[PDB]
Amino acid sequence: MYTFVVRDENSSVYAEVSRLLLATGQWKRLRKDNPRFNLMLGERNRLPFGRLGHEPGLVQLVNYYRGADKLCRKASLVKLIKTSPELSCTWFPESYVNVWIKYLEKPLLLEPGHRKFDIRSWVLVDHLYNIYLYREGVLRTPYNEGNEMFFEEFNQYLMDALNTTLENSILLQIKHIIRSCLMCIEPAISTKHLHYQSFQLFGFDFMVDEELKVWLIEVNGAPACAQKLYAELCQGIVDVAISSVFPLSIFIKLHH
Amino acid sequence: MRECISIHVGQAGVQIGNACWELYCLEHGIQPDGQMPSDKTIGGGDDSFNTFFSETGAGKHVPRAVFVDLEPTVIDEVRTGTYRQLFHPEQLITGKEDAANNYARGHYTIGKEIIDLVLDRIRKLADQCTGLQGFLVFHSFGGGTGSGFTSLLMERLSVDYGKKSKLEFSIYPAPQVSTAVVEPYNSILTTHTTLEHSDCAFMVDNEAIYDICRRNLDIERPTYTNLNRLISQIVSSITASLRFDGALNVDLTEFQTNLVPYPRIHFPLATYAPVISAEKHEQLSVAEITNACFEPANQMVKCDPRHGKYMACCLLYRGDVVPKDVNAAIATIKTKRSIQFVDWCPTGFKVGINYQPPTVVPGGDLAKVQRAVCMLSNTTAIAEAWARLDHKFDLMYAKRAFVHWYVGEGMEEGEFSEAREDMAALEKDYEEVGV
Amino acid sequence: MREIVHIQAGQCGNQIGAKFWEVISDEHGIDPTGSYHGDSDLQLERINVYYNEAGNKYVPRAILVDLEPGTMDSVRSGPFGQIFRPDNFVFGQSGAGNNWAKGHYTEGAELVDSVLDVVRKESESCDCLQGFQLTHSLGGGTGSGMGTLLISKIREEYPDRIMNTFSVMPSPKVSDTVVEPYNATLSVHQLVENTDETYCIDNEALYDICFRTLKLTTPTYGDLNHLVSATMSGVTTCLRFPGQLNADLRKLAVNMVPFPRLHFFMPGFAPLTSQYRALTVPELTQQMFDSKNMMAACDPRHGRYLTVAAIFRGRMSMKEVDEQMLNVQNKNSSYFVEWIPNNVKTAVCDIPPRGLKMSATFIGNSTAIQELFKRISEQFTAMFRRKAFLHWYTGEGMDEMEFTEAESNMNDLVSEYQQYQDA
Amino acid sequence: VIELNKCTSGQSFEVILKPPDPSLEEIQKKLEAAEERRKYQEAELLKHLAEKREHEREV
Ligand SMILES: Nc1nc2c(ncn2[C@@H]2O[C@H](COP(=O)(O)OP(=O)(O)OP(=O)(O)O)[C@@H](O)[C@H]2O)c(=O)[nH]1
Ligand SMILES: Nc1ncnc2c1ncn2[C@@H]1O[C@H](COP(=O)(O)OP(=O)(O)CP(=O)(O)O)[C@@H](O)[C@H]1O
Ligand SMILES: Nc1nc2c(ncn2[C@@H]2O[C@H](COP(=O)(O)OP(=O)(O)O)[C@@H](O)[C@H]2O)c(=O)[nH]1
Ligand SMILES: [Ca+2]
Ligand SMILES: [Ca+2]
Ligand SMILES: [Mg+2]
Ligand SMILES: [Mg+2]
Ligand SMILES: [Mg+2]
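The rules behind the values
- Each chain carries its own residue count, beginning from 1 and running in the order its sequence is written; this scheme need not agree with the entry numbering, and residues with no coordinates do not appear.
- Chains carry letters from A onward and ligands carry numbers from 1 onward, assigned in written order.
- The chains in this view make up only part of a larger assembly, and the values are for that part alone.
- Here the side-chain values reflect all heavy atoms present in the structure, with hydrogen atoms and water set aside.
- UniProt positions are given in the numbering used here, feature names are shortened, and annotations may be inferred rather than shown by experiment.
- By definition, residues are in contact when any of their heavy atoms lie within 4.5 Å.
- Two parts placed together each lose some accessible area under a 1.4 Å probe, and the buried area is that loss summed for both.
- Note on definitions: salt bridges are taken to be side-chain nitrogens of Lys or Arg within 4 Å of carboxyl oxygens of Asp or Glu.
- A run of DSSP states H or I qualifies as a helix once it reaches four residues; a run of E qualifies as a strand once it reaches two. Both are numbered from the N-terminal end.
- Segmentation into domains, and thus their bounds, comes from an automatic or database assignment.
- Distances are taken per atom, and a residue is near a molecule or strand as soon as one of its heavy atoms is within 4 Å of it.
- Polar contacts, as counted here, are pairs of nitrogen or oxygen atoms within 3.5 Å of one another; within protein the pair requires one atom able to donate a hydrogen and one able to accept it, and residues that are adjacent in sequence qualify only if both atoms are side-chain atoms.
- Working definition of accessibility: Shrake-Rupley area with a 1.4 Å probe, residue cover restricted to the visible protein chains.
- In this classification, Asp, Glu, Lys and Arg are treated as charged, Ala, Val, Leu, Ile, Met, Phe, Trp, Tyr, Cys and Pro as nonpolar, and every other residue, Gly included, as polar.
- What makes two strands pair is DSSP finding at least two bridges between them.
- Only the stretch in contact is used when fitting a helix axis, every axis being a line fitted to C-alpha atoms; angles between N-to-C directions are given from 0 to 180 degrees.
- The nonpolar core is taken to be a set of buried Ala, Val, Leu, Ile, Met, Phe, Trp, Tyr and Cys residues, with the residues joined through side-chain atoms within 4.5 Å.
- For every residue, the accessible area (1.4 Å probe, protein chains only) is compared with the maximum for its type, and the residue is labelled buried under 20%, exposed over 50%, or partly exposed between those bounds.
- Pairs were defined over the aromatic rings of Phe, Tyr and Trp, the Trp ring being its six-membered one, requiring ring centres within 6.5 Å. Orientation was assigned from the angle between planes: stacked under 30 degrees, edge-to-face over 60, tilted for the rest.
- Over a ring means this: the NZ of a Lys or the CZ of an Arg is within 6 Å of the ring centre and within 35 degrees of the ring normal.

- Looking at the PDB entry, one finds chain C named Tubulin beta-2B chain, with Bos taurus as its source organism.
- Under Cofactor, UniProt gives the following word-for-word description of chain C: "Mg(2+)".
- The heading Subcellular location in the UniProt record of chain C holds the text "Cytoplasm, Cytoskeleton".

- The name the PDB entry assigns to chain A is Tubulin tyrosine ligase, from the organism Gallus gallus.

**Re the interface of chain B and chain D**
Part 1: Contact with chain B, which involves 37 residues of that partner, is made by 28 residues of chain D.
Part 2: Of all residues in chain B, the largest losses of buried area upon contact with chain D belong to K112(B), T347(B) and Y355(B), amounting jointly to 17% of the total for that side.
Part 3: Counting every contact that joins chain B to chain D gives three salt bridges.
Part 4: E14(D) is the partner of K350(B) in a salt bridge, and the nearest nitrogen-oxygen pair spans 3.5 Å.
Part 5: Among the elements of the structure, α3 (103–127), α4 (144–160), α10 (323–336) and β11 (347–354) of chain B are those that each provide at least two residues to the side of chain B that touches chain D.
Part 6: By residue number, the principal contributor to the side of chain B that touches chain D is β11(B), which donates eight residues.

**Overview of the domain arrangement of chain C**
Residue and element names in this part refer to chain C.
Part 1: Here chain C is partitioned into domain 1 (1–258), domain 2 (259–368) and domain 3 (369–423).
Part 2: Once you take the C-alpha centre of each, domain 1 and domain 3 turn out to be 25 Å apart.
Part 3: Listed per partner, the contact involves 25 residues of domain 1 and 24 residues of domain 3.
Part 4: Summing both partners gives a buried area of about 2100 Å² for domain 1 against domain 3, and 71% of it is carried by carbon and sulfur.
Part 5: Three residues stand out in domain 1 for area buried against domain 3, namely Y182, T185 and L186, and they jointly supply 32% of the buried area on that side.
Part 6: One salt bridge in this structure joins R375 and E204, with 3.3 Å as the shortest N-O distance.

**Thoughts on the site of ligand 2**
Residues and elements named next belong to chain A.
Part 1: In the vicinity of ligand 2, the residues found are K74, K102, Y103, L104, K116, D118, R120, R140, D205, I217, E218 and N220.
Part 2: Here an oxygen atom of ligand 2 and a side-chain polar atom of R120 are 3.0 Å apart.
Part 3: Contacts to ligand 2 include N220, whose side-chain N or O atom sits 2.8 Å from an oxygen atom.
Part 4: Protein contact buries 66% of the 620 Å² of open area that ligand 2 shows by itself.
Part 5: Of all the secondary structure elements, the ones that give two or more residues to the shell around ligand 2 are β5 (118–125) and β11 (214–220).
Part 6: Of the residues forming the shell around ligand 2, the biggest block, three residues, is contributed by β11.
Part 7: Looking at the shell around ligand 2 residue by residue, the classes come out as three nonpolar, one polar and eight charged.

**With respect to the site of ligand 3**
Residue and element names in this part refer to chain C.
Part 1: Close contacts around ligand 3 come from 19 residues, with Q11, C12, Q15, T142 and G143 the closest.
Part 2: The separation between an oxygen atom of ligand 3 and a polar main-chain atom of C12 is 2.9 Å.
Part 3: With respect to ligand 3, the backbone of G140 contributes an N or O atom lying 3.3 Å from an oxygen atom.
Part 4: Those elements giving two or more residues to the shell around ligand 3 turn out to be α1 (10–27), α5 (142–157) and α8 (221–235).
Part 5: The biggest single contributor to the shell around ligand 3 is α1, with five residues.
Part 6: A per-class count over the shell around ligand 3 returns six nonpolar, 11 polar and two charged.

**Describing the sheet that holds strand β12 (residues 358–366) of chain C**
All names here are of chain C.
Part 1: If you walk across this open sheet you meet the 10 strands as β5-β4-β1-β6-β7-β8-β9-β12-β10-β11, and the pairing is mixed. Strands at the two margins of the open sheet, each flanked by one partner only, are β5 (89–91) and β11 (344–349). Strand-to-strand twist of the sheet, defined as the mean angle between neighbouring strand axes without regard to direction, takes the value 20°.
Part 2: Bridge analysis of strand β10 (residues 305–314) against β12 gives nine bridges, and the strand direction is antiparallel.

**A closer look at the interface of chain D and chain C**
Part 1: Counting residues at the interface gives nine residues for chain D, matched by 14 residues for chain C.
Part 2: Counting each side, the surface lost to burial between chain D and chain C is near 990 Å², with a carbon and sulfur contribution of 56%.
Part 3: For the pair chain D and chain C, the interface holds two salt bridges.
Part 4: The salt bridge partner of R53(D) is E156(C), with a shortest N-O separation of 3.0 Å.
Part 5: Counting across the chain D and chain C interface gives five residue pairs in polar contact.
Part 6: Along the lines of polarity and charge, the residues of the side of chain D that touches chain C split into four nonpolar, two polar and three charged.

**Remarks on the nonpolar core**
Nonpolar side chains tend toward joint burial in soluble globular proteins.
Part 1: In terms of nonpolar packing, the biggest core is built from 203 residues, with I7(B), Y185(B), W386(B), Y406(B), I369(C) and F373(C) touching the most fellow members.
Part 2: Broken down by element, the residue count for this core peaks at 11 residues, all from α3(B).
Part 3: Look past the residues within four positions of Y185(B) in its chain and what remains in contact with it is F393(B), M396(B), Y397(B), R400(B), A401(B), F402(B), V403(B), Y406(B) and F416(B).
Part 4: If you look at the next biggest cluster of nonpolar residues, it comprises 61 residues, including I212(B), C213(B), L259(B) and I276(B).

**Some words on the packing of aromatic side chains**
Part 1: Applying the stated criterion across every chain yields a total of 62 aromatic pairs over all chains.
Part 2: Here the aromatic rings of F380(C) and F403(C) are separated by 6.2 Å at their centres, their planes lie at 25°, and the arrangement is stacked. Placement of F380(C) in helix α13 (residues 370–384) and of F403(C) in helix α15 (residues 400–422) is noted, with a sequence separation of 23 residues between them. Across the pair, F403(C) and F380(C) agree in class, each one buried.
Part 3: Here the aromatic cluster, defined as three or more aromatic residues joined through ring pairs, consists of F20(C), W21(C), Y50(C), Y51(C), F84(C) and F89(C).
Part 4: The cationic tip of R400(B) hangs over the ring face of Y397(B); the distance from NZ or CZ to the ring centre is 4.0 Å.
Part 5: In this arrangement the basic side chain of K215(C) is found over the ring face of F211(C), its NZ or CZ atom lying 5.5 Å from the centre.

Here is the structure:
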């Protein structure tokens, strides 16, 4: 039987997966500081990565990639893009550590309403560093249900308003950003030869201007999910990232 | 020529010492008899191998070594081993009651009774040195003698040989083979008391050695013999520069100046490649073995240098290796891996090549390889080993578990805390070097 | 540290002691005449731990003590009667009448100087004395009262040696007299102060294993001692054969005893014997940890393990043993305290006991041992609340105050165990 | 490649990719302090054991 611990009760996403793991009859939750665990759903800050992978006879997995914060926090994201020849960059606003926040002057506006929006995409990277983008993104909607439009309605809108589909006008760019960012740091964080394994759920923030060009704004390492999308995504984390190493589609695979 | 005296302490130190001098003998063409048909200067000489071997008028090459253990079972296997006639009786010192995996028993109770003798026996080897460089001390962290008596010895060697360097080869405790539950206690205690007396210490985690034996050599349940033969190769790579002609790490002082800029942070991480089973093989290239030096799976201490910072890096090759292939390998690795140095140090590598390919003992489990490399890098990632150890220490000491065994031997409960805060001070020093 | 001085005192102590020597003598290849007749050399590499050398004959370092000559006369004519050293038979004639006071203060005090005289000659010819091993019951008079008196005197002369006991705790299920709780409570306090390691052999458990697991309608003391000798052989394997773990008495104490007074161990054995089908390694590890295999009538799931020592005997895969031992820990880690990391230590010996191809011996320092002292305490209080049967003890000079002290000292021991079970 | 040295047994060099105690009496003191604590603890035990002999005679 598989065993796991929980060290972040504030995580809404992983408070769910903790529920389903207990709901399969093959996962037994231990207390916070029991080291004889197979899976750690660890704390956000100061995760003891150096104490994992040292339990004889236990394959250990954790839901965070050591070193991923160089991508998540803006200050480190800026220096990563300009100092990496893999990025150098057409899809990232000008940043440093004539309207600035560079605040994109003319964003695409949802009509009717003259409304501003930003797209949140959920990406799951497993222990083998397969990049999985959740098929169900969300849209977080003047400009001078619950401000959340899901991908179906936004797709129908662009087909009616500007005679294009979401896949062609935005989603191809989105998939390119996710791949470029995540494979830029693969040699620095991957656990393919480590004594413990790592997966992690990511939340990318994207922008769209009136020319239907996609910009990367922020990537979050501890993101929350939309209410309706909580069930399907969390269960997908079990199938793809947890059960794949501890055996008991909703993702697009950005191949390589 | 300047001499080096080896000191082997406890079961781990003694058994590892045996595997090392057995390997040294095969590499220098010294037979168990002690003779050396290649050595044409009988009765003496100042060759590079004389740093570790002295010579008798009868042509016998005896080690500048002393084996001490507080129980005789292990050192008696040296008195009767295949290299028994190599050692002189006064080199092998044994008690009859060991430290019972108790640091206090090794340092205070029983160490006091024998510390004077071993120093005189060491003084005997020192007196026949024209210019002794210092000492190599082999011991375990978890054993009562290895931990408790070494710290006492390291203190006395500093007051008697103040101008002389001391290098450690320390076995870090792993539960897959550990002998005791209190090994975290003994490890923290001996590190605290020895830290200021050690110029540079090569730490070996039995867990890492154990898993390399399982993966690369395919032994289902490795034994100490398996572990010590692998460890012996690594030791032989570090000390080869003192026993063979060369220009890199030629004296013990050079180890400190090359690998240890900050005195307290004197624990270089060692990575060895390649390790291939003798029951098998395609020979690996200079680039492939150099690239393997940056795989956590080949390190003596499992940790991730990608998330630390380098203060120094040294590449020691043995076999068919030319400088051209080393550069072409480093150029490739530096662009395809995360090698970040501290701001106050140059990003570079001190390279040493010995043309003699690595020697493997007949009947062993290591395939003779045509070229190998041991990397010595001072990275802050090795502090992960202190973190694991300090945590285990905190768990038991919070409830004062087993503390009575140490207090019952004359040690005070305060030494526990003062040693722990020294590791907390060692742990913070690492933090603010690889920020 | 090599030599162990063995002492067996009282009826139970000498009966159990006689079987122990009968068993390990067979394992080391020693016949009743003291001559070795074995095929392997592992039998002789550590035989000096329990045997002295004579015509190249091995004689146990054993001291046989009792206030009655009856039990020690049957040993002298037992199967291995002639092997023991004649002078090491130290016996009186009055007996102890199942009276702790007689064994500790009157009858036994008259005899114990003779025992110490034999202890001294056995020890002074030791190259490196490990310590002492006592076998006795706590429910009688000689083994309980004179046994603990003997332990107190030995500690005075050898304060820096290990004191190890195999104690037989009484049970109403197999009871000789009603005063057994009195004698057991007085003895436990002595053991708390003056021993380093005590294997708690509960007659309640031994009986239950015979009647339930082995399905014997009416177990005898021989049936009970069959389990004890098998346990004693198991827990001393590390002492009698080459190995790196718990190979002597002080290293065992350091690994097993995190606090000086919590040194009472719960032994287990698998398989249960009274046999050609050998057990798998998983079957051995599942049984050696099962409650039905413990020799102390305590449910381990009612408490928590402080330390565990597991010994596997036979030709088996040391890998598979490691997997299964690392397996049991990770599946029931809730029953292992979090503040002692890696508190389970495993050993494997190539030589199995007689009749078995594979066996497993369990030594646990569990806080569930508290249940046993509580059992003795309630039986004690039930009588002591009415001062029943106390005249047998006050007639030997004891005062009621000594009983109340023993009562509360054991209640303290129970409280100490409950303290670390909730930690 | 900096500082290249060659001999018959091999060669060594350096590449650069980017520029940037207690005395003897104090020891013997603490060892004798630990010894007197051992002797003191043992004395208190033998004193405790001497009291139980007194009680044995009184009984
Ligand atoms: N690699 C390796 N480790 C060993 C060897 N022998 C013992 N160890 C390790 O050393 C630790 C125990 O210390 P020991 O050296 O055996 O004990 P000691 O130094 O003799 O001290 P005492 O016996 O207590 O007096 C454990 O963690 C063992 O795993 C060995 O031959 N090779
Ligand atoms: N360069 C830019 N141009 C226009 N708007 C921007 C912008 N950068 C950030 N924003 C605005 O800020 C919002 C997101 O804020 P931002 O991602 O920078 O920090 P944050 O972490 O607080 C949001 P979250 O909680 O989702 O991670 C977007 O909806 C977007 O409207
Ligand atoms: N296991 C076992 N217990 C015994 C044996 N003989 C007596 N006992 C137990 O020991 C207690 C009686 O003590 P006993 O040894 O006969 O008295 P003593 O001779 O004065 O020490 C009772 O609780 C008995 O159940 C025996 O052969 N085996
Ligand atoms: Ca010469
Ligand atoms: Ca009389
Ligand atoms: Mg030892
Ligand atoms: Mg009787
Ligand atoms: Mg007398």
